[PDB]
$ cat final.pdb   # PDB, N, CA and C atoms
ATOM      1  N   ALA N   1     -20.340   7.631   1.390
ATOM      2  CA  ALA N   1     -20.649   8.598   0.304
ATOM      3  C   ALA N   1     -19.443   8.825  -0.602
ATOM      4  N   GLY N   2     -18.247   8.667  -0.046
ATOM      5  CA  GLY N   2     -17.039   8.865  -0.826
ATOM      6  C   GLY N   2     -16.010   7.779  -0.587
ATOM      7  N   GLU N   3     -14.865   7.891  -1.256
ATOM      8  CA  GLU N   3     -13.797   6.914  -1.113
ATOM      9  C   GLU N   3     -13.230   6.929   0.302
ATOM     10  N   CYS N   4     -13.018   8.126   0.850
ATOM     11  CA  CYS N   4     -12.472   8.248   2.198
ATOM     12  C   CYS N   4     -13.185   9.327   3.012
ATOM     13  N   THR N   5     -12.824   9.402   4.291
ATOM     14  CA  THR N   5     -13.390  10.375   5.217
ATOM     15  C   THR N   5     -12.295  11.324   5.695
ATOM     16  N   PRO N   6     -12.528  12.647   5.639
ATOM     17  CA  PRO N   6     -11.526  13.631   6.049
ATOM     18  C   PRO N   6     -11.236  13.577   7.521
ATOM     19  N   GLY N   7     -10.555  12.519   7.880
ATOM     20  CA  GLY N   7     -10.169  12.300   9.248
ATOM     21  C   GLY N   7      -9.228  11.124   9.414
ATOM     22  N   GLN N   8      -8.828  10.469   8.311
ATOM     23  CA  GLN N   8      -7.950   9.333   8.425
ATOM     24  C   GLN N   8      -6.588   9.614   7.812
ATOM     25  N   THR N   9      -5.544   9.385   8.598
ATOM     26  CA  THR N   9      -4.190   9.589   8.145
ATOM     27  C   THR N   9      -3.543   8.237   7.859
ATOM     28  N   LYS N  10      -2.730   8.168   6.814
ATOM     29  CA  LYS N  10      -2.068   6.921   6.456
ATOM     30  C   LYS N  10      -0.551   7.102   6.429
ATOM     31  N   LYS N  11       0.182   6.044   6.763
ATOM     32  CA  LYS N  11       1.640   6.103   6.770
ATOM     33  C   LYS N  11       2.216   5.455   5.514
ATOM     34  N   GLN N  12       2.676   6.294   4.592
ATOM     35  CA  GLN N  12       3.264   5.831   3.347
ATOM     36  C   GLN N  12       4.754   6.126   3.359
ATOM     37  N   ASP N  13       5.552   5.068   3.377
ATOM     38  CA  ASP N  13       7.001   5.201   3.427
ATOM     39  C   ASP N  13       7.412   5.691   4.814
ATOM     40  N   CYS N  14       7.803   6.950   4.917
ATOM     41  CA  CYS N  14       8.188   7.521   6.191
ATOM     42  C   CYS N  14       7.296   8.711   6.531
ATOM     43  N   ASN N  15       6.717   9.310   5.493
ATOM     44  CA  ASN N  15       5.851  10.453   5.622
ATOM     45  C   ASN N  15       4.447  10.050   6.024
ATOM     46  N   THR N  16       3.636  11.065   6.260
ATOM     47  CA  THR N  16       2.251  10.881   6.632
ATOM     48  C   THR N  16       1.341  11.517   5.597
ATOM     49  N   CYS N  17       0.173  10.940   5.450
ATOM     50  CA  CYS N  17      -0.811  11.423   4.497
ATOM     51  C   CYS N  17      -2.159  11.522   5.180
ATOM     52  N   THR N  18      -3.059  12.375   4.686
ATOM     53  CA  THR N  18      -4.380  12.443   5.321
ATOM     54  C   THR N  18      -5.480  12.287   4.287
ATOM     55  N   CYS N  19      -6.642  11.763   4.643
ATOM     56  CA  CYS N  19      -7.714  11.709   3.660
ATOM     57  C   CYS N  19      -8.230  13.133   3.466
ATOM     58  N   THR N  20      -8.666  13.507   2.258
ATOM     59  CA  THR N  20      -9.187  14.848   2.073
ATOM     60  C   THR N  20     -10.704  14.813   2.142
ATOM     61  N   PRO N  21     -11.350  15.924   2.542
ATOM     62  CA  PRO N  21     -12.806  15.983   2.623
ATOM     63  C   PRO N  21     -13.426  16.099   1.237
ATOM     64  N   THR N  22     -12.965  15.251   0.328
ATOM     65  CA  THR N  22     -13.452  15.256  -1.046
ATOM     66  C   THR N  22     -13.457  13.848  -1.639
ATOM     67  N   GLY N  23     -12.738  12.924  -1.000
ATOM     68  CA  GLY N  23     -12.687  11.576  -1.483
ATOM     69  C   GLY N  23     -11.349  11.212  -2.104
ATOM     70  N   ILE N  24     -10.351  12.105  -2.027
ATOM     71  CA  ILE N  24      -9.058  11.799  -2.579
ATOM     72  C   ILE N  24      -8.032  11.646  -1.491
ATOM     73  N   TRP N  25      -7.475  10.470  -1.461
ATOM     74  CA  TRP N  25      -6.511  10.112  -0.466
ATOM     75  C   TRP N  25      -5.130  10.542  -0.983
ATOM     76  N   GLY N  26      -4.508  11.516  -0.312
ATOM     77  CA  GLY N  26      -3.211  12.032  -0.774
ATOM     78  C   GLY N  26      -2.085  11.979   0.251
ATOM     79  N   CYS N  27      -0.837  12.078  -0.255
ATOM     80  CA  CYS N  27       0.377  12.031   0.582
ATOM     81  C   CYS N  27       1.471  12.995   0.083
ATOM     82  N   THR N  28       2.574  13.079   0.847
ATOM     83  CA  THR N  28       3.718  13.928   0.498
ATOM     84  C   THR N  28       4.920  13.053   0.129
ATOM     85  N   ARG N  29       6.059  13.672  -0.196
ATOM     86  CA  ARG N  29       7.242  12.896  -0.593
ATOM     87  C   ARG N  29       8.488  13.184   0.225
ATOM     88  N   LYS N  30       8.831  14.430   0.288
ATOM     89  CA  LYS N  30      10.035  14.866   1.005
ATOM     90  C   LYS N  30       9.872  14.803   2.520
ATOM     91  N   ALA N  31      11.016  14.612   3.204
ATOM     92  CA  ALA N  31      11.119  14.529   4.668
ATOM     93  C   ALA N  31      11.893  13.272   5.096
ATOM     94  N   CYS N  32      11.731  12.884   6.362
ATOM     95  CA  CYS N  32      12.375  11.711   6.939
ATOM     96  C   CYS N  32      13.824  11.499   6.464
ATOM     97  N   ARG N  33      14.043  10.505   5.588
ATOM     98  CA  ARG N  33      15.387  10.167   5.093
ATOM     99  C   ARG N  33      16.338  11.356   5.082
ATOM    100  N   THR N  34      17.584  11.075   5.464
ATOM    101  CA  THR N  34      18.660  12.064   5.515
ATOM    102  C   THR N  34      18.268  13.341   6.263
ATOM    103  N   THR N  35      17.346  14.115   5.705
ATOM    104  CA  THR N  35      16.922  15.359   6.328
ATOM    105  C   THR N  35      15.728  15.954   5.586
TER     106      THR N  35
END
$ encode --input "final.pdb" --output "structure tokens"
Amino acid sequence: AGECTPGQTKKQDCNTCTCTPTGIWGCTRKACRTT
């Protein structure tokens, strides 16, 4: 029904992202590296 399912997490770079219960696959930026 949509692009993604609100239950799948993806590993982009060093951070983690989760599918949203709307069809938009999103991620974060800050974390991992240095601190």
$ residues_around --input "final.pdb" --residues "residue 1 (chain N)" --least-positions-apart "4" --cutoff "10 Å" --atoms "only C-alpha atoms" --output "list in words"
residues 5, 22 and 23 of chain N
$ select_by_dssp --input "final.pdb" --residues "chain N" --states "strand (DSSP E)" --output "list in words"
residues 9, 10, 11, 12, 15, 16, 17, 18, 19, 25 and 26 of chain N
$ residues_near_point --input "final.pdb" --point "(-7.5, 12.1, 8.1)" --cutoff "9 Å" --atoms "only C-alpha atoms" --output "ChimeraX atom specification"
/N:4-10,17-21,25
$ atom_distance --input "final.pdb" --atom1 "atom N of residue 27 (chain N)" --atom2 "atom C of residue 3 (chain N)"
13.4 Å
$ atom_distance --input "final.pdb" --atom1 "atom C of residue 2 (chain N)" --atom2 "CA of residue 28 (chain N)"
20.7 Å
$ residues_around --input "final.pdb" --residues "region 29-33 of chain N" --least-positions-apart "6" --cutoff "8 Å" --atoms "all atoms listed in the file" --output "compact mmCIF listing (two decimals) with N, CA and C atoms, keeping the file's coordinate frame"
# COMPACT_ATOMS: atom_id res chain seq x y z
N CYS N 14 7.80 6.95 4.92
CA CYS N 14 8.19 7.52 6.19
C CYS N 14 7.30 8.71 6.53
N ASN N 15 6.72 9.31 5.49
CA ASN N 15 5.85 10.45 5.62
C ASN N 15 4.45 10.05 6.02
N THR N 16 3.64 11.06 6.26
CA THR N 16 2.25 10.88 6.63
C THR N 16 1.34 11.52 5.60
$ build_atoms --input "final.pdb" --residues "region 1-27 of chain N" --atoms "N, CA, C and O atoms" --output "mmCIF file, in the frame of the given file"
data_model
loop_
_atom_site.group_PDB
_atom_site.id
_atom_site.type_symbol
_atom_site.label_atom_id
_atom_site.label_comp_id
_atom_site.auth_asym_id
_atom_site.auth_seq_id
_atom_site.Cartn_x
_atom_site.Cartn_y
_atom_site.Cartn_z
ATOM 1 N N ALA N 1 -20.340 7.631 1.390
ATOM 2 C CA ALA N 1 -20.649 8.598 0.304
ATOM 3 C C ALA N 1 -19.443 8.825 -0.602
ATOM 4 O O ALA N 1 -19.594 9.140 -1.782
ATOM 5 N N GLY N 2 -18.247 8.667 -0.046
ATOM 6 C CA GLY N 2 -17.039 8.865 -0.826
ATOM 7 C C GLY N 2 -16.010 7.779 -0.587
ATOM 8 O O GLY N 2 -16.246 6.854 0.190
ATOM 9 N N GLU N 3 -14.865 7.891 -1.256
ATOM 10 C CA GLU N 3 -13.797 6.914 -1.113
ATOM 11 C C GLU N 3 -13.230 6.929 0.302
ATOM 12 O O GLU N 3 -12.983 5.875 0.888
ATOM 13 N N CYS N 4 -13.018 8.126 0.850
ATOM 14 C CA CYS N 4 -12.472 8.248 2.198
ATOM 15 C C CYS N 4 -13.185 9.327 3.012
ATOM 16 O O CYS N 4 -14.024 10.067 2.498
ATOM 17 N N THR N 5 -12.824 9.402 4.291
ATOM 18 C CA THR N 5 -13.390 10.375 5.217
ATOM 19 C C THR N 5 -12.295 11.324 5.695
ATOM 20 O O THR N 5 -11.227 10.875 6.098
ATOM 21 N N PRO N 6 -12.528 12.647 5.639
ATOM 22 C CA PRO N 6 -11.526 13.631 6.049
ATOM 23 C C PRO N 6 -11.236 13.577 7.521
ATOM 24 O O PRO N 6 -11.601 14.467 8.292
ATOM 25 N N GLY N 7 -10.555 12.519 7.880
ATOM 26 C CA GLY N 7 -10.169 12.300 9.248
ATOM 27 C C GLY N 7 -9.228 11.124 9.414
ATOM 28 O O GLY N 7 -8.873 10.789 10.541
ATOM 29 N N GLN N 8 -8.828 10.469 8.311
ATOM 30 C CA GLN N 8 -7.950 9.333 8.425
ATOM 31 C C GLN N 8 -6.588 9.614 7.812
ATOM 32 O O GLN N 8 -6.489 10.020 6.660
ATOM 33 N N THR N 9 -5.544 9.385 8.598
ATOM 34 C CA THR N 9 -4.190 9.589 8.145
ATOM 35 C C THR N 9 -3.543 8.237 7.859
ATOM 36 O O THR N 9 -3.784 7.268 8.578
ATOM 37 N N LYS N 10 -2.730 8.168 6.814
ATOM 38 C CA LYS N 10 -2.068 6.921 6.456
ATOM 39 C C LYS N 10 -0.551 7.102 6.429
ATOM 40 O O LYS N 10 -0.056 8.183 6.110
ATOM 41 N N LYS N 11 0.182 6.044 6.763
ATOM 42 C CA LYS N 11 1.640 6.103 6.770
ATOM 43 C C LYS N 11 2.216 5.455 5.514
ATOM 44 O O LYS N 11 2.254 4.231 5.392
ATOM 45 N N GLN N 12 2.676 6.294 4.592
ATOM 46 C CA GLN N 12 3.264 5.831 3.347
ATOM 47 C C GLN N 12 4.754 6.126 3.359
ATOM 48 O O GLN N 12 5.168 7.284 3.388
ATOM 49 N N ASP N 13 5.552 5.068 3.377
ATOM 50 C CA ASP N 13 7.001 5.201 3.427
ATOM 51 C C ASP N 13 7.412 5.691 4.814
ATOM 52 O O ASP N 13 7.354 4.935 5.782
ATOM 53 N N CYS N 14 7.803 6.950 4.917
ATOM 54 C CA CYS N 14 8.188 7.521 6.191
ATOM 55 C C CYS N 14 7.296 8.711 6.531
ATOM 56 O O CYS N 14 7.146 9.078 7.696
ATOM 57 N N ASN N 15 6.717 9.310 5.493
ATOM 58 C CA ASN N 15 5.851 10.453 5.622
ATOM 59 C C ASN N 15 4.447 10.050 6.024
ATOM 60 O O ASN N 15 4.106 8.865 6.090
ATOM 61 N N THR N 16 3.636 11.065 6.260
ATOM 62 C CA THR N 16 2.251 10.881 6.632
ATOM 63 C C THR N 16 1.341 11.517 5.597
ATOM 64 O O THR N 16 1.697 12.502 4.952
ATOM 65 N N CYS N 17 0.173 10.940 5.450
ATOM 66 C CA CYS N 17 -0.811 11.423 4.497
ATOM 67 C C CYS N 17 -2.159 11.522 5.180
ATOM 68 O O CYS N 17 -2.403 10.802 6.148
ATOM 69 N N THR N 18 -3.059 12.375 4.686
ATOM 70 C CA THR N 18 -4.380 12.443 5.321
ATOM 71 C C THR N 18 -5.480 12.287 4.287
ATOM 72 O O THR N 18 -5.293 12.722 3.147
ATOM 73 N N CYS N 19 -6.642 11.763 4.643
ATOM 74 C CA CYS N 19 -7.714 11.709 3.660
ATOM 75 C C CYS N 19 -8.230 13.133 3.466
ATOM 76 O O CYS N 19 -8.259 13.897 4.432
ATOM 77 N N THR N 20 -8.666 13.507 2.258
ATOM 78 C CA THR N 20 -9.187 14.848 2.073
ATOM 79 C C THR N 20 -10.704 14.813 2.142
ATOM 80 O O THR N 20 -11.313 13.790 1.828
ATOM 81 N N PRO N 21 -11.350 15.924 2.542
ATOM 82 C CA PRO N 21 -12.806 15.983 2.623
ATOM 83 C C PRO N 21 -13.426 16.099 1.237
ATOM 84 O O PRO N 21 -14.288 16.942 0.994
ATOM 85 N N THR N 22 -12.965 15.251 0.328
ATOM 86 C CA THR N 22 -13.452 15.256 -1.046
ATOM 87 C C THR N 22 -13.457 13.848 -1.639
ATOM 88 O O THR N 22 -14.104 13.602 -2.658
ATOM 89 N N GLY N 23 -12.738 12.924 -1.000
ATOM 90 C CA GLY N 23 -12.687 11.576 -1.483
ATOM 91 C C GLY N 23 -11.349 11.212 -2.104
ATOM 92 O O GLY N 23 -11.206 10.113 -2.642
ATOM 93 N N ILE N 24 -10.351 12.105 -2.027
ATOM 94 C CA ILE N 24 -9.058 11.799 -2.579
ATOM 95 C C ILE N 24 -8.032 11.646 -1.491
ATOM 96 O O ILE N 24 -7.806 12.536 -0.661
ATOM 97 N N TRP N 25 -7.475 10.470 -1.461
ATOM 98 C CA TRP N 25 -6.511 10.112 -0.466
ATOM 99 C C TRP N 25 -5.130 10.542 -0.983
ATOM 100 O O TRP N 25 -4.661 10.036 -2.006
ATOM 101 N N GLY N 26 -4.508 11.516 -0.312
ATOM 102 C CA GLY N 26 -3.211 12.032 -0.774
ATOM 103 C C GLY N 26 -2.085 11.979 0.251
ATOM 104 O O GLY N 26 -2.332 11.851 1.447
ATOM 105 N N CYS N 27 -0.837 12.078 -0.255
ATOM 106 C CA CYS N 27 0.377 12.031 0.582
ATOM 107 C C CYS N 27 1.471 12.995 0.083
ATOM 108 O O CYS N 27 1.329 13.623 -0.968
#
